[PDB]
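For reference, the structure discussed in these notes is given below.
With ideal geometry, Cβ positions are generated from the backbone for all residues, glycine too; neighbour counts draw on all protein chains shown. The numbers here are math on the coordinates, done by the rules we state, and not lab data.
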Amino acid sequence: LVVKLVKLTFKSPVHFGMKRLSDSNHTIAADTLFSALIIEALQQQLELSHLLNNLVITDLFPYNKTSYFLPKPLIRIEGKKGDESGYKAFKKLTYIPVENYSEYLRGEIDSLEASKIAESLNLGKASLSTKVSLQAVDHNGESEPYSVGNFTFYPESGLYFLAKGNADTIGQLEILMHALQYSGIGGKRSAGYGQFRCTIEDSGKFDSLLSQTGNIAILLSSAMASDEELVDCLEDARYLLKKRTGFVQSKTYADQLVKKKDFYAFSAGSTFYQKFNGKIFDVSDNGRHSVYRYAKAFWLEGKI
Amino acid sequence: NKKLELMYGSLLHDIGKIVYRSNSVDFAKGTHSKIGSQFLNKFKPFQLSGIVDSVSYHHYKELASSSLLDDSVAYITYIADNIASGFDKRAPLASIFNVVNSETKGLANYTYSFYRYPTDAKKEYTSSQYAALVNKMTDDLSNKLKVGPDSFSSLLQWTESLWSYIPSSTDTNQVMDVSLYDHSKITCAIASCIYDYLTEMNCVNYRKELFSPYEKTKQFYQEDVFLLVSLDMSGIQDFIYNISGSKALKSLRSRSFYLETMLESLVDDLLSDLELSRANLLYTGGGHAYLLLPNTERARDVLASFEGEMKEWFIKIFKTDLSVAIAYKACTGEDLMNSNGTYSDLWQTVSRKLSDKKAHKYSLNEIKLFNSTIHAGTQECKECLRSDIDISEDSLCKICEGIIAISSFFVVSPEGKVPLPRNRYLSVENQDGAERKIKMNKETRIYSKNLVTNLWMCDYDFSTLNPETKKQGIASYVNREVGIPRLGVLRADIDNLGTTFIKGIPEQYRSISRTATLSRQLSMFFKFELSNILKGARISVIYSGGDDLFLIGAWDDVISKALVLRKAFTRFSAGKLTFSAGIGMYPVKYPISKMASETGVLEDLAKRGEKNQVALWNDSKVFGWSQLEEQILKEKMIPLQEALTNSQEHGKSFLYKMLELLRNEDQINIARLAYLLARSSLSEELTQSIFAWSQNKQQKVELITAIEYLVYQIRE
Amino acid sequence: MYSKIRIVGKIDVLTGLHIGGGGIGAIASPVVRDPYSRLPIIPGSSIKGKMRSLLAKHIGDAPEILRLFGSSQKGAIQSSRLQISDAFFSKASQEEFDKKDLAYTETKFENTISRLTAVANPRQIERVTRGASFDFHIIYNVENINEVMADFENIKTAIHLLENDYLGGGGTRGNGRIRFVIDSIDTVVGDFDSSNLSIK
C-alpha cells in the first residue's frame, strides 16, 4: 500500500483532552483523528467505505527541527547494573527520535542519554487559559469561571502521522485533511483552539524505516484485537491498556449528547511477538447511527 | 503452637543484652543468652519451654552443650541469628547513613543519643538508662504483655516502641548501624521462614539437619531457603489526584489514606494466609511492600492464589484504575548474608520481575471482559467520572461517596464505608466504637494512626485543627488578610533512592538487616518526623514516604516549610541524601489534576543535572537550596521588605516598575533602573546593592524572585 | 457540498485593550498572552462571546444566535458556524513597535474615590497599546446555503455593534475599543461564492 507522512503545523493554541476540559495533551491517538476524519467525510458528503475498510493511520507524534519522534517501545531494557534510577529515567522518557530508534531497540543507550533524548524534544508548552460564562448574569446570576487547557507548539515543531492505504484512499485522505485544516482538531475548535495547516507528502526515510524487518512488532496506533487474534497476540507481549472514553459529538445521534461505551486499547509503542490487525470497534449503544472507534494496527518491525 | 513458640523465642533471643548491659539489676555475670533465659523464666506466661530454649541457646558454644532434645526451636533461633547478623557496655547506636555512600562521601561519625536525630558527637549510653529500660520492660511484660498470635503482634509493636534505639551489637569495634529491634525482627522473620521450610521438609532432627557436622550449616546457607517478595500498586497517584470538583479539595487526603490502608490490608491478608507476623514485612511505603517468606511450596501456592484474588478484586471494583502486581525471587541464605555479594543482585532481579509483571498486567479473559460492555452509563460522577458503576444521586459514585463519608482508628470490618479486598469495608471509627465493632464482628482488623496494628502515616492537616477550618479543607488556607490568596503545592522526591539502597551501601556492608534498618529509618522520618516538622503551618500533607511527597497549603508557608524540610532532611540523613523539590503557586479553584501535574513538571525540572535543586513557581526559577534560603530570601527579600514596609504604600507600584525594567536587557533600561532607584529614596547602600544585583546575571534573577515574593507577600 | 468561508483581517485597537487572565512575572491585572512568544492575543472566546451578546441584544434563545454560534440544548444540538480563532499580535505592528522602542503593552493607573471617605483607591491594569494590530481569522461553516446571506447580515450587524462597542475589559470606561479591517473574504473549502459577501 501507499504510505504518506502528514505534518501538522498548528497556527493557534490546541486543546487536546484526556478526561477533563482543563487537561491539555500534546498528542492525540489514532481514534481521535479517525473520528475527525469520519466527521469531515460526512460533512463533505463523502463515502466512508475507504476509511472504514482500508485506511490505516497511526497516532500523532511530535516532530521538530531535523527530528521525527516515535513512541518509546515497551521492551525489556537491561539498564545499568549499578543504579536502578536509570529505569526511572527510562520510564520518564516518552519519545525516541527516528534516528535513535534502532539504537534504543538494541539497547546502547545510557540513562543519562535517555534523559538527554527526553529533553531533546522541542514540542511546545502547555498552559491553562481561564475563561468565563456570562450567560447567567443577564437573568439574575453570577459569572461562572472555567478553565481550558491548551498547547502551543514551538515555531518549527508540530505533530505528524503516517497513513497507509490505496491511491483512492490516499486521495480521499488528502481532501479530508484539506477540509480538516479549517475544521480543526481538538476540544474547543469552535472557540479558536486547534486551527492547523497540514502537509501531505511521501517520506523516503519513514518508508525505509517501515520496510525494515525485525523479530518483534511495535504498535504505532492505539489498537485492539478481536478474540481470535487476542488469544495469540498476548503471548509474550508487553503492552499498556488505555481507557478510551468520550461523549458522542453529532447532531443526529440523540436529542441530548450521551457517552460512548468505554473501550480499552493497546497504547502505541507496545511490543508483540505476534502481529494482529485491529477492527473498527463500534462503541455506540441504542443510537441513531453507529459511533466508530478506531483500533486498527499500524506495525513497525524491530530488532531487540 | 510450636511455630508460635519459635517466633516468640526468636523475637526475644537478644533481650538479655539490655539487662547484661545495665549491670545494675541483679547482674548474672554470664552470657547474655543465659541472662535472657533467666529474665524470661521470671514470667510464667513467657516461661514456655520454646521461648527459654530459644533465648538460652542461640550460639555455637551454647548449642554444643545445650543438652536439649532434637527438633527444638533453639537450633532454628541460632541459625536465624547467624543469618541475620551476617564489647563496651556503653556503645551508642550508629546512624545507618554513615555506611551509606561511604565510597564517595566517606564514613560519618553520627551517633544517636539515648523521634531523634544523630547528634554526630560520641556519647555513652548510661547503664542507669539501660536499667530504667529493663525496669519498664519488666513492668510491661508483667501484666500488659501476654502470649498468643495477637499477643505476638502486640509484642512486636512493643519491641518496636522500646528497642528501636538500642544497638544490636554491643561491641564497639563492630559497627552499630543495626539496632536491636531491627536485628530481632529480622531474626524472627528468618526463623519463621526456616521453620516453615523444615516443616515442609519434615526434618526429624534439627541439629542433624544443620548443626551436627557443621558442614550442614554452610550447606543450609547455600540452599535456596527463602523468597523475596514485592507487591506494587499501580495507579495510586492517578487515583489520588485525577479528581475534579469542589469536593476534591477535601477528598484528596481521604483518597490517599484509603489507598494506604488498602495496601496495609492487602499485606495483612497475605501474611495471614502464610501464617506469619508483620516481622516478615521488610518494608512498606508508597504503594510498595517488600516481604521475606519461606520457600515452601505452600508459600508459592499462597502467593499465586493471593495474586489471582487481588487481580480479580481490583478488576471488579476499580477496573484498571488501580492494580497490584506481586513478584518473588528464590533467595539463598548467603544472599541475605551477602557473602557472595549477591544481595543487590537479588533485589534488582525481583524488581525486574515485578516490572515485567507490570508490563503484561492483564490476561485474555480480562481484556475481553473490559471491551465487552452492555450499556453506557448515561450518568457519571462529578470526580473521577466513571459511567460503569451505578451513579447515585448528587452524581457521586459508590466509592466516591464513601471517600466523602470518610472525610480515630480505621476499622476493616464486614460493614463500613469504602470497599476493601477479601470482601471487607474500611470505616473510620471512634476508639470505643472500634472496640464495639471488634466485639460485634469477629476477625476485624483495626489500625491505629501513628488488637490494633500501629500504622505510620503523616496525617498533618491544619484545617482539621480548628473547627472553623474543619468545614473547608484548603479554602481555609487560601483566605488571608494580607498577601495574595494562592496555594502552594510541593512535590518533593529523594533522588537516587534506588541507588542509595543498591549502591549507597558498600558491598561489604550489604545485608538484609542493614536494608531493613535503612527502610525503617526512611519510613519513620517521612511518617512521624514530617508532622513534627510541619507543626504550626497551614499545610496539609496528602502523600509521604520520600519517593513521593505532596504538601498543599499557603504558598509562603509551603516554601518556608520546604526550606525547613530540607534542613531537617540534611540533619537526619547527615548528608549522603539530597532531595529535589518542585513548588508551584496556584489560585483557588484551580484544577487539582493541573496543580499536581504542573508541580510534577517543576519537580522533574529540579531533578535535572545536580539533583539538589528546587524549582520555584515558573520553570525559569530553578535554584539551589542554599541559593534560595540565603541569597533570594535572607540576603535580598528581607532588606527590601524592611525598606518598603517603612513606606506607607508598601510599594506595590515601585515593585512592578522594578520588574518591568528588569525584564528588559537594554542598557538604557539599566539607566532607567538607576534613575528609578534614585527617585525611590531608599538607603544609598541598599540602592547600590540592588543596582549591582541587577548588573550581575544570576543575581538579577535572584533579585527578580525576591521582588516577586515580596509582591505576593503584600497583595490587597 | 460543505463550504468554509475563510475571513482574514486585522483588529486595530483604538484605545487600550485589556483582556484579563484569572490565572512572565507579577503583573497587576495582566492581559492574556501567548504562552510561547509572550505576545498579547485576543482569545477567540472573547470575540465569539462579544459578538453573540451583541447579536442577542439586537435580535432580542433566538434561532439565529444558536445557528451561528452553536447550541447544545436537548433537541437543539447545532454545531457552531462561526469558528473564531485567536487574534495574534501582527508582525507588521510588531516591527512598528520594535521601532520607536515602544513596548507592546502599557500600564494604566486608575482610582476609585469612595463615596464615603473620598479616599482614592489606586489600581493598575495592563492594556495593549493603541497602535497594536491583531490578525484575526474567522471560519464560517455553510451548513445551509439558503440561510448564509441572512447569517452574514447578522454577522455584519454584530461587527458593526462591536466596532461601536468594546472588546474585553472595562469598556464603559474607554478600554477595548477596536476596528475591524477585513483584508479578504474567501471560500477555502467548497464552492459557495462569497465575492459579494462582505462584512462592514
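Put simply, of B:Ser363, B:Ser387, B:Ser372, B:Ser323 the only residue that is within 26 Å of A:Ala225 (Cα to Cα), under 28 Å from the mean Cα position of the chain (by Cα) and among the polar types (S, T, N, Q) is B:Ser323.
Quickly run through the range B:594-652 and pick out the residues that are within 14 Å of chain A (Cβ to nearest Cβ) and more than 22 Å from B:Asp547 (Cβ to Cβ). Correct list: B:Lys594, B:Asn618, B:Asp619, B:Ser620. The residue pairs whose first member lies in the range B:172-196 and is outside any helix (DSSP H, G or I), whose second member is among the aromatic types (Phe, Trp, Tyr), and whose beta carbons are closer than 8 Å, counting only pairs six or more residues apart or on different chains, are B:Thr172/B:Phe87; B:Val175/B:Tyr509; B:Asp177/B:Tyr509; B:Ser179/B:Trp163; B:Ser179/B:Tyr165. Could you go through the range B:686-701 and let me know if any residue there is in a helix (DSSP H, G or I), within 26 Å of C:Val119 (Cα to Cα), under 46 Å from the mean Cα position of the chain (by Cα) and within 14 Å of chain C (Cβ to nearest Cβ). Checked the range B:686-701: no residue is in a helix (DSSP H, G or I), within 26 Å of C:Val119 (Cα to Cα), under 46 Å from the mean Cα position of the chain (by Cα) and within 14 Å of chain C (Cβ to nearest Cβ). Filtering the range B:569-591 to residues that are among the hydrophobic types (A, V, I, L, M, F, W, C) and touching a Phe, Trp or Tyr at 6+ places or on another chain (Cβ under 8 Å) leaves B:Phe569, B:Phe572, B:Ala574, B:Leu577, B:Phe579, B:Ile583, B:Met585.
Being within 23 Å of B:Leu710 (Cα to Cα) and touching an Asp or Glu at 6+ places or on another chain (Cβ under 7 Å) is true of B:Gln631. When the range A:191-236 is filtered for residues that are part of a loop (DSSP other than H, G, I, E, B) and surrounded by fewer than 12 Cβ atoms within 10 Å (Cβ to Cβ), the ones remaining, listed by number, are A:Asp202, A:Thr213, A:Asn215, A:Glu235, A:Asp236. Applying the condition of being of a type in the set (D, E, K, R) and away from chain C (no Cβ under 14 Å) to the range B:664-685 and asking which residue is farthest from B:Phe654 (Cα to Cα) yields B:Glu685. So which residues in the range A:270-304 are more than 10 Å from chain B (Cβ to nearest Cβ), touching a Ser or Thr at 6+ places or on another chain (Cβ under 9 Å), assigned to a loop (DSSP other than H, G, I, E, B) and closer than 19 Å to A:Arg238 by Cβ? Residues satisfying the conditions are A:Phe276, A:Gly278, A:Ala297, A:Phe298, A:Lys303, A:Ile304. Each residue in the range A:39-74 was checked for being assigned to a helix (DSSP H, G or I) and within 14 Å of chain C (Cβ to nearest Cβ), and 5 of them qualify.
In this structure, is A:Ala89 in a helix (DSSP H, G or I) and either more than 14 Å from chain B (Cβ to nearest Cβ) or surrounded by fewer than 19 Cβ atoms within 10 Å (Cβ to Cβ) (or both)? Considered against the rule, which asks whether it is in a helix (DSSP H, G or I) and either more than 14 Å from chain B (Cβ to nearest Cβ) or surrounded by fewer than 19 Cβ atoms within 10 Å (Cβ to Cβ) (or both), A:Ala89 comes out as no.
Looking only at the range B:114-132, residues that are under 24 Å from B:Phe528 (Cβ atoms), assigned to a loop (DSSP other than H, G, I, E, B) and polar (S, T, N, Q) come to 1 in all. For the range A:115-126, the set of residues classified as surrounded by fewer than 19 Cβ atoms within 10 Å (Cβ to Cβ) and either out of contact with any strand residue (DSSP E or B) (no Cβ under 9 Å at 6 or more places or on another chain) or facing chain C (nearest Cβ under 7 Å) (or both) consists of A:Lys116, A:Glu119, A:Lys125, listed by residue number.
In summary, C:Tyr36 fulfils each of the numbered conditions (1) aromatic (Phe, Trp, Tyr); (2) within 7 Å of chain A (Cβ to nearest Cβ); (3) within 27 Å of C:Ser184 (Cα to Cα) with the single exception of condition (3). In the range A:246-255 there is at least one residue matching the filter, namely being of a type in the set (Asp, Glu) and touching a strand residue (DSSP E or B) at 6+ places or on another chain (Cβ under 8 Å). The residues listed here are C:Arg177, C:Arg81; of these, the one that is under 26 Å from A:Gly186 (Cβ atoms) and of a type outside the set (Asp, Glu) is C:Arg81. Can you pull out the residues in the range C:16-26 that are surrounded by fewer than 19 Cβ atoms within 10 Å (Cβ to Cβ) and within 13 Å of chain A (Cβ to nearest Cβ)? Matches in the range C:16-26: C:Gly20, C:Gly21, C:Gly22, C:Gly23, C:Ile24.
Yes/no matrix, rows are residues, columns are (1) in contact with a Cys (Cβ under 8 Å, 6 or more places away or on another chain); (2) part of a helix (DSSP H, G or I); (3) not aliphatic (A, V, I, L, M):
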{"residue": "B:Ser37", "(1), (2), (3)": "no, yes, yes"}
{"residue": "B:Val55", "(1), (2), (3)": "no, yes, no"}
{"residue": "B:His58", "(1), (2), (3)": "no, no, yes"}
{"residue": "B:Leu63", "(1), (2), (3)": "no, yes, no"}
{"residue": "B:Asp71", "(1), (2), (3)": "yes, no, yes"}
{"residue": "B:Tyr75", "(1), (2), (3)": "no, yes, yes"}
{"residue": "B:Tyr78", "(1), (2), (3)": "no, yes, yes"}
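A residue that is assigned to a loop (DSSP other than H, G, I, E, B) and surrounded by fewer than 18 Cβ atoms within 10 Å (Cβ to Cβ) occurs nowhere in the range B:626-644. Within the option set A:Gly171, A:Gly214, being away from every other protein chain (no Cβ under 11 Å) and in contact with a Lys or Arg (Cβ under 8 Å, 6 or more places away or on another chain) holds for one residue only, A:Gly214. Among the residues of the range A:243-264, those identified as within 9 Å of another protein chain (Cβ to nearest Cβ) and closer than 21 Å to A:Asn277 by Cα are A:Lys243, A:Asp262, A:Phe263, A:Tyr264.
Quick one: would you say C:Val13 is among the aliphatic types (A, V, I, L, M), touching a strand residue (DSSP E or B) at 6+ places or on another chain (Cβ under 7 Å) and more than 9 Å from chain A (Cβ to nearest Cβ)? Taking the combined requirement at face value, the residue satisfies it. Just one of the numbered conditions (1) outside any helix (DSSP H, G or I); (2) over 47 Å from the mean Cα position of the chain (by Cα) is not true of B:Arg672: (1). Residue count for the range B:238-290, restricted to those that are outside any helix (DSSP H, G or I) and within 14 Å of chain A (Cβ to nearest Cβ): 8.
Residues in the range C:134-161 that are out of contact with any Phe, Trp or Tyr (no Cβ under 8 Å at 6 or more places or on another chain), under 20 Å from C:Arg179 (Cβ atoms) and buried (at least 16 other Cβ atoms within 10 Å of the Cβ): C:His137, C:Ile138, C:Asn154, C:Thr157, C:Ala158, C:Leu161. Mind telling me which of the residues B:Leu68, B:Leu93 ends up being closer than 22 Å to B:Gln174 by Cβ and either loosely packed, with under 14 Cβ neighbours inside 10 Å or of a type outside the set (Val, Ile, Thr) (or both)? That would be B:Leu93, the only listed residue that is closer than 22 Å to B:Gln174 by Cβ and either loosely packed, with under 14 Cβ neighbours inside 10 Å or of a type outside the set (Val, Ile, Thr) (or both). Keeping to the range C:39-65, report how many residues are more than 12 Å from chain A (Cβ to nearest Cβ) and either polar (S, T, N, Q) or touching a strand residue (DSSP E or B) at 6+ places or on another chain (Cβ under 6 Å) (or both). Within the range C:39-65, residues that are more than 12 Å from chain A (Cβ to nearest Cβ) and either polar (S, T, N, Q) or touching a strand residue (DSSP E or B) at 6+ places or on another chain (Cβ under 6 Å) (or both) number 1. Taking residues in the range B:107-119 that are within 11 Å of B:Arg571 (Cβ to Cβ), and partners anywhere that are of a type in the set (A, V, I, L, M, F, W, C) and not in a loop (DSSP other than H, G, I, E, B), the pairs with Cβ atoms closer than 6 Å and at least 6 places apart or on different chains are B:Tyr117/B:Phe572.
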